[PDB]
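> got an experimental structure here, sequence first:
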Amino acid sequence: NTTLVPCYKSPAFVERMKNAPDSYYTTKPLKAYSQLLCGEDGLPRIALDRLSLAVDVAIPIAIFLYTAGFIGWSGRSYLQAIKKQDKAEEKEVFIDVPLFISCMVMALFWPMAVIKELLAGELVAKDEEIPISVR
Amino acid sequence: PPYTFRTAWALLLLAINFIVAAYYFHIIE
Amino acid sequence: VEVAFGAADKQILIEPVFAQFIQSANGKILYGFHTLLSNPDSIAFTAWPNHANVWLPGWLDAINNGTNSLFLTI
Amino acid sequence: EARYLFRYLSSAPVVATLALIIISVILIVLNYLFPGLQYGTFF
Amino acid sequence: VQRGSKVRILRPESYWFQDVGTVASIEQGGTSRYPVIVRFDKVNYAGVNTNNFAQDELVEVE
Amino acid sequence: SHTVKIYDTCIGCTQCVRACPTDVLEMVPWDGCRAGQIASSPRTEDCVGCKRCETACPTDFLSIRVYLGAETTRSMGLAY
Amino acid sequence: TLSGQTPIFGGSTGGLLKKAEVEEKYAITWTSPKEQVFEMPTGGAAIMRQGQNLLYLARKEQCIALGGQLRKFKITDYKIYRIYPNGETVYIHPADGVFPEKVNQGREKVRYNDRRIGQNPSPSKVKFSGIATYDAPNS
Ligand code: CLA
Ligand SMILES: CC1=C(/C=C/C(C)=C/C=C/C(C)=C/C=C/C=C(C)/C=C/C=C(C)/C=C/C2=C(C)CCCC2(C)C)C(C)(C)CCC1
Ligand SMILES: CC1=C(/C=C/C(C)=C/C=C/C(C)=C\C=C/C=C(C)/C=C/C=C(C)/C=C/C2=C(C)CCCC2(C)C)C(C)(C)CCC1
Ligand SMILES: CC1=C(/C=C/C(C)=C\C=C\C(C)=C\C=C/C=C(C)/C=C\C=C(C)\C=C\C2=C(C)CCCC2(C)C)C(C)(C)CCC1
Ligand code: SF4
Ligand code: SF4
């Protein structure tokens, strides 16, 4: 809808493909930028449309936010593993890698494991068991 | 408890967010 | 780093399409959202039951002139 | 004793300096994947 | 509140407010006004993990 | 002329008196500790304000305070 | 009053100033069974004598930093005076003859609050009043 013409018929992007070097950085990644929306200066913008970029914007969400909550869930399930062993003061410096990998492959299916603790009420700690200040 | 007053003000602001997002994707006019 | 290493076309440029919608919801016809005072066939443009937007034809001459600071190009 | 050696290689700065050479897979995923990979150009 | 029991803290001025601690000793004199000594697993601020408490500001958890 | 108040969370470990560089605090007898002591500050006109008694108190949220008040020539450490 | 021989000190610069002649001046007095050398609180090093020693200092923190040094020379008999310029020598440390670390009787609970520290009143309790919130006669 906007003035973000695709880079196929943008009259300022074809000069970036006209005089350019070759090696690996300005030939194959430049013809892959051709299906991207670009303004009046030939630079590929990132707009948010309804359906033409519905999943084109949702791949950087769903790919990142899975392995954002994969680092976070394997770090949460490791700190909870070493506190039931009653040795958490010394297991945080010397990382017990047979358990941290065991708590990593338990976090590979973390979206269907967080909601098993939300409906069971075990994700959050209740407010009368958390240290606070004089308030 | 079932939250009855916290909801229907949060999903009332989410409703106003969805009328503005209806004009944004040119759904309604 | 992308402009420094030659490839200015590899910049991540997010077009601010939510505040480009605000100007297009007030009268800026430059982008082309074509809604709600950018669409002259709308309920907000005409104000169908009364048609008393006497401020509106003077306002749209101001927002769509490119010589003032009123709702600059974003 | 070589049984206290790998009990030192599981300490904090060791496994968090091999948590950066294992994040040299962003070197290999940006070597043969024609490095330019914008936010619309991968599926 | 016996020795070895786990107890929670209701002293709002303290570091370990609502923290579980193990009772270390209770004084049998009856005139010291802070008899129970409870030991915690986290130090407060560059220092101690034991502190003398009263019995009206302690709620046991098991 | 600072103000060194002392509260009843004391345990009589005498550590604030050994840490005072100016002899403001001293141990008086009491009934609410196993040492039977509590600190008192009779020479608060000699309080230099340095809060070194406060770093030595082992009770949690410490039983002695220094409230820095109207500073004078001996509460600021001026040899000139 | 006070008396004693000064230690062998070759003069310093961190010593007394015009405050010691006009406002107040302190004097520590100990006795030594040895001809040993100690560090001055005014910078340097001096040799204390074998009789009664006498050293004029400028403020009370210099005497007890020196008094904490003599207690490592196993000399725990020092008397600290405070000399007003009209000549009035008061005797201030140790006041009762006993050191303030160990407890004596007859001493008073002075500046003592009979509450926890956390239950001091709010500063809006004492608004437009003479007292501070840590004086607070309730509990
Ligand atoms: C005639 C045209 C017109 C009109 C009517 C307006 C009107 C307005 N503009 Mg706008 N503007 C215009 C033209 C116009 N503008 C033009 C031509 C430009 C250049 C493009 C702009 C650019 C512009 C910007 C950048 C901004 C506005 C904003 C605003 C709003 C500010 C009023 C306010 O802050 O509330 C009054 C608030 C107070 C008096 C504070 C007291 C409130 C108390 C303390 C209680 C509130 C507590 C609060 C709920 C706590 C929540 C904290 C947190 C959780 C959020 C207002 C409705 C501002 C805005 O707020 O966007 C929505 C804004 O930043 N305008
Ligand atoms: C491949 C890729 C991707 C992904 C990515 C990812 C996965 C990510 C990541 C990542 C990560 C995971 C990162 C990280 C990080 C971090 C950091 C760097 C940190 C920090 C910090 C700080 C520094 C803080 C500080 C502080 C504190 C501690 C407290 C106080 C305050 C302060 C602030 C100071 C995607 C798909 C998107 C696409 C593109 C590319
Ligand atoms: C889609 C879209 C969008 C939007 C978005 C938004 C607006 C949002 C939001 C949202 C929200 C409003 C949210 C939130 C929240 C809440 C809460 C409450 C939270 C949380 C958290 C948590 C709880 C976490 C958890 C976890 C996990 C998950 C895993 C890991 C571990 C942890 C624990 C961290 C965008 C524009 C971007 C793009 C386009 C479209
Ligand atoms: C002693 C010690 C330590 C250590 C430290 C260190 C040893 C460090 C460093 C450092 C680091 C951490 C580094 C870095 C880096 C490197 C890199 C980053 C590389 C690479 C590679 C690659 C992979 C490459 C490839 C290629 C080629 C071969 C050619 C063609 C192209 C390309 C580029 C592809 C710690 C603290 C642990 C603890 C204990 C003590
Ligand atoms: S203030 Fe410190 S040294 Fe003095 S009695 Fe209390 S705990 Fe012991
Ligand atoms: S402020 Fe200094 S002189 Fe005063 S009581 Fe505390 S440590 Fe002693």
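Happy to help now that I have it. Residues are numbered from 1 along each chain as shown, chains lettered A, B, ... in the order given. Ligands and ions are numbered 1, 2, ... in the order given.

> could you pull up the contacting residues of residue C:39?
B:29, C:45 (CB atoms under 8 Å, 6 or more residues apart in numbering or on different chains). Using the backbone N, CA and C atoms, a C-beta is placed for each residue, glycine as well.

> do you know how far it is from residue C:24?
Using CB to CB, to the nearest Å, we find residue C:39 at a distance of 9 Å from residue C:24.

> what of residue A:49?
Distance from residue A:49 to residue C:24, by CB to CB: 14 Å.

> contacts only, for the residue nearest to residue A:4 when sequence neighbours are not counted.
Take residue A:4 and drop its neighbours on the chain: the residue closest to it by CB to CB, 6 or more residues apart in numbering or on different chains is residue A:37, 3.8 Å away. Listed by CB under 8 Å, 6+ apart, the contact partners of residue A:37 are A:2, A:4, A:5, A:6, A:7, A:44, A:45, A:46, A:47, C:15.

> how about residue G:14?
Counting by CB under 8 Å, 6+ apart, residue G:14 touches G:40, G:42, G:43, G:44.

> if we use 10 Å, what do you get?
The neighbours of residue G:14, taking CB atoms under 10 Å, 6 or more residues apart in numbering or on different chains as the test, are F:79, G:40, G:41, G:42, G:43, G:44, G:58, G:62.

> now do the closest residue to the last one other than its chain neighbours: how many residues are near it, please.
Read it as residue G:62. Distance criterion CB to CB, 6+ apart; nearest residue to residue G:62, sequence neighbours excluded, is residue G:41 at 4.1 Å. The number of residues packed near residue G:41 is 22, by other CB atoms under 10 Å in any protein chain shown.

> so which of the contacts of residue A:37 wins on neighbours?
Counting neighbours by other CB under 10 Å, the top entry in the contacts of residue A:37 is residue A:44, with 27 neighbours.

> re the thing from before, isn't the residue nearest to residue G:62 up against residue G:58?
Yes - using CB atoms under 10 Å, residue G:41 is in contact with residue G:58, at 9.0 Å.

> find residues that contact each of the two.
G:14, G:15.

> before we move on, back to that, farthest pair in the contacts of residue G:14?
Within those, F:79 and G:44 form the most distant pair, 15.5 Å apart (CB to CB).

> element containing residue 20?
Because you didn't say which chain, this covers chain A. For residue A:20, there is no host helix or strand (DSSP states H and E).

> wait, chain C was what I had in mind.
Counting by DSSP H and E, residue C:20 is found in helix C:19-24.

> any part of that helix near ligand 3?
No - figure legend: helix C:19-24 not in contact with ligand 3 (CB under 6 Å from any ligand atom); closest approach 12.6 Å.

> show me what the next helix-or-strand element following that helix is in contact with.
Using DSSP H and E, the helix or strand that follows helix C:19-24 towards the C-terminus is helix C:43-46. Contacts with helix C:43-46, where a contact means CB under 10 Å, 6+ apart, come from B:23, B:28-29, C:25, C:27, C:35-40, C:49, C:53, C:56, C:60.

> just the buried residues out of the residues you listed, in PyMOL syntax.
Selecting only the buried entries of the contacts of helix C:43-46 in PyMOL, with 16 or more other CB atoms under 10 Å in any protein chain shown as the criterion:
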select buried, (chain B and resi 23) or (chain C and resi 25+27+35+36+37+38+39+56+60)
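
> what does chain A have sitting close to chain F?
residue A:134 (CB under 10 Å from any CB of the partner chain).

> can you give me how far the longest helix along chain A is from the chain middle?
Ranked by residue count under DSSP state H, the longest helix found in chain A is helix A:71-84. Offset of helix A:71-84 from its chain centre (CA atoms, centre = their mean, to the nearest Å): 20 Å.
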